[PDB]
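Just below is one structure, and these are the notes that go with it.
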Amino acid sequence: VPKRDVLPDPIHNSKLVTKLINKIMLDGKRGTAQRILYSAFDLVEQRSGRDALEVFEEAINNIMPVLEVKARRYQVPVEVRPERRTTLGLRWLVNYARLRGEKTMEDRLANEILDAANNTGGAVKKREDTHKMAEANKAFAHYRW
Amino acid sequence: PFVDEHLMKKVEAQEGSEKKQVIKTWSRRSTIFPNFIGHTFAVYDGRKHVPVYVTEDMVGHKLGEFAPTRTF
Amino acid sequence: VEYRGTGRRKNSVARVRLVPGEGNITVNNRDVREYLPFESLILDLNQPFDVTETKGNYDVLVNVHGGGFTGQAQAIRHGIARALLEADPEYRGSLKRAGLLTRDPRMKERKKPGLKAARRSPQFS
Amino acid sequence: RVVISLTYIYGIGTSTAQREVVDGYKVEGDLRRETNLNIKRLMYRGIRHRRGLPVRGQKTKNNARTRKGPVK
Amino acid sequence: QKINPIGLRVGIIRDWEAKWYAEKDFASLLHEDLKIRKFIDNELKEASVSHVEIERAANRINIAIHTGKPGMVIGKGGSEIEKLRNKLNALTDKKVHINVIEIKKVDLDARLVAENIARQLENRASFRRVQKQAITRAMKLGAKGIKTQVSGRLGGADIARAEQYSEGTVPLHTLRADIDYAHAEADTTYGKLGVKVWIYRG
Amino acid sequence: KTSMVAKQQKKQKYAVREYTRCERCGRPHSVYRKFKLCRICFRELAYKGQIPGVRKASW
Amino acid sequence: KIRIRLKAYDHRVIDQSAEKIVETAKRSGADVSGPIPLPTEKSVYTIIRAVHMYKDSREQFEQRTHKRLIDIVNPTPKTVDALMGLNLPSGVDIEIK
RNA sequence: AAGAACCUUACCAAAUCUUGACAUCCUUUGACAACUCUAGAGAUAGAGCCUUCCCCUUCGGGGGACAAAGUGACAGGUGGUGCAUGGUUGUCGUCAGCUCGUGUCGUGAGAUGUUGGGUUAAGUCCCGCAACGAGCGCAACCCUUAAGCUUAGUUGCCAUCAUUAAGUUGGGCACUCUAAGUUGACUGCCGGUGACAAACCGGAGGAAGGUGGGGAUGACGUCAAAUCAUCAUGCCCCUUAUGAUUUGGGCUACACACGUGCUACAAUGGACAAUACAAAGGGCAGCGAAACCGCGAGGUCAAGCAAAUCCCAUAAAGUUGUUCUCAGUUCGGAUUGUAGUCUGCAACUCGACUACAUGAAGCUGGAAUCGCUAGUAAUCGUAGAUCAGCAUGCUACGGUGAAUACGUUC
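Protein chains in written order, with the deposited numbering: chain g, 7 to 79, 85 to 156; chain s, 9 to 80; chain i, 6 to 130; chain m, 14 to 31, 57 to 81, 86 to 114; chain c, 3 to 204; chain n, 3 to 61; chain j, 5 to 101.
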């Protein structure tokens with residue numbers, strides 16, 4: 007609950023990219039995670055020619071919502092504090108970048124990132140799905156938790 | 009495994025002539041040498057002595073796949 | 006000219022020699038390549054040489070053992086911070102506002118004798 | 014590849030020695071005939091060929107279901 | 003459950019009841035220590051020994067006997083210790099030497115009053131009278147706290163209870179508190195009554 | 003039970019039936035044959051202090 | 005140089021022997037190195053605490069065996085007599101090298 | 001039950017014995033008898049053979065210690081009873097509670113202390129008060145980790161050097177390591193909020209800051225919770241059996257319902273080659289060095305070690321290159337058969353494992369549900385015990401290693 011932080015990686019110079027590195031891992035494999043993310047980042051540099059901090063920052067705002075429903079017996088539009096916003100946006104990015112059905116992860120997370128800049132995929136559809144469930148159940152409350 | 013047959017003196021007693029009816033062993037560990045096929049054993053599964061006739065092809069196995077003891 | 010220090014994290018002993026040079030991580034005097042499997046993360050251990058920007062061209066000499074490779078890299082990070090402590094007494098607040106002399110006691114916790122795998126209580130029915 | 018296209022079809026499996059491979063050892067389905075002749079020789087662990095207990099033991103009490111069915 | 007204090011305080015402040023080394027064989031020393039403690043258990047029926055301590059230095063044993071009645075292990079002037087020491091030399095086939103010391107304040111150690119309360123409850127006395135007189139005769143010597151729990155078929159009872167007459171500090175969790183403990187069984191006609199004496203003395 | 007204790011303190015048919023008992027009671031299982039003591043009597047002589055050996059759970 | 009392997013269980017008897025033997029070799033000789041300690045790796049016995057049921061609670065007993073190594077460099081003939089003369093720790097295990 | 005081929009074994013078929021398998025008294029004999037041979041499955045009987053006064057007395061004794069009979073007192077019982085029990089252990093629960101002395105109030109059961117305000121982790125304190133105080137529990141004086149130092153340098157470390165396949169020796173203990181002890185972490189100091197008191201928050205020092213982290217330690221008692229199966233007991237019952245020994249089954253069976261755990265269901269991967277790193281623990285009939293032939297389970301001569309030297313011991317996952325190119329497959333590894341290796345009078349009921357070949361569900365698990373707040377989860381090996389041989393179970397250590405905790409609303 008003071009929610010302490012880990013140092014940023016100096017390959018792609020951001021603090022969001024080491025949270026993505028720590029989010030994509032499985033069974034404690036960090037070297038497998040660095041093997042499948044930096045090659046996906048170089049596939050981003052070889053396909054759409056722009057530095058990936060800008061298109062990753064502009065693509066994570068197409069996944070991130072501003073409303074969230076939390077039901078209790085019900086639905087409220089609570090605004091989200093931004094560390095929770097960015098960890099649910101990264102968790103939706105990995106959890107729909109694990110379910111595409113392609114050859115490797117380096118061609119699976121990277122075109123999902125470039126689909127999130129062109130507002131397609133499964134992640135921007137999940138942002139319109141939580142906006143649809145928060146707008147269809149806007150009517151019940153503004154006050155509950 | 010190296011093949012032992014510890015009761016070899018019971019085999020060579022009745023071997024030259026016609027072999028006697030049914031001879032018994034209280035050991036299923038007695039590994040079958042290939043010279044007492046036809047020696048009719050009564051082997052012990054725990055309950056009583058169950059007869060077995062060593063016919064033609066059971067040189068490589070013991071006396072314990074024959075006479076079962078788990079029934080059904 | 007040869008600052009013999011020490012430093013550890015997670016059962017990984019480190020003994021630095023701070024010598025003036027251009028700078029190369031010589032772990033067991035070999036390389037930075039074969040020993041560490043993070044050749045991409047070679048600036049996690051370079052952290053007191055980028056948070057103290059007085060000079061970042063200094064050579065380290067270790068021949069050390071212990072633990073793994075991430076804990077050995079943060080152990081020689083602790084040895085680099087200990088060599089920057091014993092090199093200059095005015096670096097210390099430049100240490101302490103970034104931390105970096107904080108020995109973390111985060112070791113692998115003990116196997117609890119009723120539980121299965123050390124806060125892994127074995128599945129109540 | 015060539016060497017891992019031959020592991021599930023009969024004869025050669027995965028770790029043998031290597057239009058040349060047409061010849062050699064028992065590469066056809068005669069080993070299926072030899073396995074059926076050996077299970078004909080045992081039919086004595088034919089009392090547990092309705093079960094899944096071998097010559098070298100199973101402990102079937104709750105799980106021998108690969109020579110059995112799902113619920114059955 | 004309540005752990006015993008002599009388990010918790012060996013190798014903290016109170017020393018072990020055996021001081022030797024054995025690494026290679028190691029079962030030919032401890033079981034002979036068990037049979038020599040079972041042989042001092044025959045003279046526990048009159049002598050009232052608290053504990054013996056095995057000092058096997060290299061060949062002979064300077065076994066330290068601690069009895070609250072010190073004049074009846076030695077006999078008249080030293081005969082009973084010598085015929086006892088010859089019986090131990092027969093019954094372990096090793097060399098022993100009896101080291102006796104004369105311990106007074108007999109109602110301050112747990113094993114002497116535990117065998118005394120189990121002796122009084124063998125002789126069909128009522129348990130509350132010997133319990134209150136044991137804790138008040140241990141306080142009129144001067145003690146820092148005496149728990150005395152007798153349990154089982156209480157005085158020839160049908161249902162087992164647990165009669166504990168705690169008095170004063172018996173602080174089992176402060177670990178620099180040298181607490182004597184003994185449980186002694188009493189073979190009464192109505193079963194087996196276990197006493198449990200827990201004396202803290204600072 | 004002193005039946006099996008009176009049996010196994012004698013030389014036998016084989017040398018492979020010499021299984022481990024406690025040499026104080028008749029307990030057959032969990033016998034620490036470094037001590038030749040069982041599960042329970044090693045706890046009792048550990049708590050009395052008549053084995054030289056500490057209790058520390060401080061690993 | 006000769007060595008002794010000073011081997012006890014507890015530290016309460018190894019310090020009195022390591023003060024006795026070293027100063028006996030100092031007062032009867034010259035240049036005896038100190039009681040250099042070993043890592044003293046221990047033996048943990050883990051039993052269940054109960055009798056019949058209950059493997060959910062268990063019990064530890066560890067057995068530590070402390071070892072000091074004492075080196076006598078250039079041993080005088082009075083030292084090899086006077087170390088074997090007085091023997092009163094009563095429970096340490098001595099090996100001679 | 002941390003070891004079920006015989007033994008365990010109590011249970012069951014057979015062979016049997018009745019002072020018995022064994023404890024003890026008495027008489028007779030006596031430094032015991034082991035070892036080979038016959039029947040038998042062995043237990044048991046039967047041959048060769050005296051080990052045959054070892055401490056000591058005149059010849060005969062006494063008796064450390066054995067054997068036979070009388071079977072006489074006695075055995076023996078893992079037989080029944082935990083609802084007669086001790087001893088021992090779980091759960092509430094490491095939660096913060098529970099009681100007592102004296103006094104007061106109350107006809108009395110009882111209450112007060114223990115409640116109310118604030119507080120923390122706490123019945124931990126402070127304020128006011130018919131309460132005053134005390135005791136078990138919480139808080140540590142206990143151990144380990146977390147930073148140097150006094151000390152002592154070997155089998156361990158190589159500053160600085162000669163020098164090698166090797167820190168392997170010359171030298172040293174510079175650093176490191178290791179341990180008997182020292183100094184420290186105690187809201188200790190400052191500020192704010194605080195009744196000026198308890199404390200909370202922030203900052204500094206410190207390696208660690210708010211019981212520093214983890215373990216042990218489990219109150220009064222509850223469940224008539226478990227154990228007459230470690231042991232003894234209180235009662236009952238047998239004692240040519242319910243006591244004993246041995247061979248063969250046995251706890252190691254399935255048409256099954258359930259609990260725990262492993263393996264996975266693959267591209268994060270499957271296979272091939274090089275290469276990195278440690279802790280913790282054990283070893284004398286045991287640990288098997290190098291080398292050797294073995295595809296391989298292992299086997300041969302075998303240094304060294306009663307243990308920082310010698311061994312288990314390559315720890316594994318990682319990194320670098322290659323293949324596979326998304327499937328019931330290049331995954332799997334159950335099953336069956338053959339060749340086998342090893343322990344052990346022995347692998348058939350029933351041990352571990354190697355090769356070859358067959359390759360069966362399994363392509364992510366519903367209603368429900370379990371565990372976890374930081375080195376945690378997950379994954380991956382290593383070591384100990386039991387063990388003559390046997391682990392995905394227990395125990396202990398180590399590598400990589402995340403987010404979540406708006407809140408406590410239900």
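Where a beta carbon is used, it is the ideal one built from N, C-alpha and C, also for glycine.
Put simply, the stretch 181 to 193 of chain c touches the stretch 108 to 118 of chain c. At least three CB pairs are less than 8 Å apart. Membership of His99 (chain c) in the beta strand (DSSP E) is indicated by the continuous run 97 to 104. The Cβ-Cβ distance between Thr102 (chain m) and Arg93 (chain m) falls below 8 Å. Within the same chain, and ignoring the five residues on either side of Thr33 (chain s) in sequence, the residues whose Cβ sits closer than 6 Å to its Cβ are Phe49, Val51. Look at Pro41 (chain j) here: in three-state DSSP terms it is strand.
Within chain n, no C-beta atom comes less than 7 Å from the C-beta of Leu177 (chain c); the nearest is roughly 12 Å away.
At a cut-off of 3 residues, the continuous stretches assigned as beta strand (DSSP E) that sit fully inside the stretch 14 to 81 of chain i are 22 to 25, 63 to 66. Between the alpha carbons of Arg155 (chain g) and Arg78 (chain g) lies a gap of roughly 8 Å. Looking at j:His70, j:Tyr58, j:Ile25, the one whose alpha-carbon comes closest to that of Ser47 (chain j) is j:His70. The stretch 35 to 53 of chain i and the stretch 79 to 93 of chain i touch, with no fewer than 3 CB-CB distances between them shorter than 8 Å. Proximity of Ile77 (chain m) to chain s, defined by a Cβ-Cβ separation below 8 Å, is not satisfied. The CB of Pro30 (chain n) never comes closer than 8 Å to any CB in chain j; the least such distance is about 15 Å. Looking at the DSSP output, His53 (chain c) bridges to c:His68. If you ignore the 5 residues before and after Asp43 (chain c), its C-beta comes within less than 8 Å of no other C-beta in its own chain.
Around the Cβ of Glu7 (chain i), a 10 Å sphere holds fewer than 16 other Cβ atoms; the residue is exposed. Within the same chain, and ignoring the five residues on either side of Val132 (chain c) in sequence, the residues whose Cβ sits closer than 8 Å to its Cβ are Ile119, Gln122, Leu123. Distance from the CA atom of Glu45 (chain c) to the CA atom of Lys198 (chain c), rounded to whole angstroms, is 22 Å. Against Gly37 (chain g), the close residues of chain i are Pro42, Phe43, in the order they occur along the chain (beta-carbon pairs closer than 8 Å).
About 6 Å separates the Cβ atoms of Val60 (chain s) and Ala75 (chain s), confirming a contact at the 8 Å cut-off.
Between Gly71 (chain i) and chain j, the shortest Cβ-Cβ separation is not below 8 Å. DSSP, reduced to helix, strand and coil, places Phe62 (chain g) within a helical segment of the structure shown. Taking C-beta atoms under 8 Å as the contact rule, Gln52 (chain n) and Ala59 (chain c) fail to qualify, at a distance of about 18 Å.
Here the alpha carbon of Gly88 (chain m) sits roughly 13 Å from the alpha carbon of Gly72 (chain s).
The three-state reading of DSSP puts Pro59 (chain s) in strand, counting E and B together. Just so you know, the alpha carbons of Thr29 (chain m) and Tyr21 (chain m) end up roughly 13 Å apart.
With the rule of 3 Cβ pairs closer than 8 Å, the stretch 165 to 173 of chain c counts as touching the stretch 137 to 149 of chain c. For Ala34 (chain j), DSSP assigns no beta-bridge partner whatsoever. Taking the beta carbon of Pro76 (chain s) as reference, the chain m residues within 9 Å of it are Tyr86, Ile89, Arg90, listed in sequence order. Using a 10 angstroms sphere on the CB of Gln135 (chain c), the tally of other CB atoms stays under 16, which defines it as exposed. When DSSP states are grouped into helix, strand and coil, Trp200 (chain c) belongs to the strand group. With respect to the C-alpha of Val67 (chain i), the residue from i:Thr59, i:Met112, i:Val37, i:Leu46 having the closest C-alpha is i:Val37. Per DSSP, the continuous beta strand (DSSP E) segment holding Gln151 (chain c) begins and ends at 147 to 155. Looking from the CA of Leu120 (chain i), the closest CA among j:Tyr58, j:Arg72, j:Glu99, j:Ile98 belongs to j:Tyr58. Just so you know, the alpha carbons of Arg16 (chain j) and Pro54 (chain n) end up roughly 13 Å apart. Per DSSP, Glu66 (chain j) is one residue of the beta strand (DSSP E) stretching across 62 to 67. Identification of residues in the stretch 3 to 30 of chain c having a C-beta nearer than 9 Å to some C-beta of chain j yields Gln3, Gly13, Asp17, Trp18, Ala20, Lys21, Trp22, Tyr23, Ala24, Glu25, given in sequence order.
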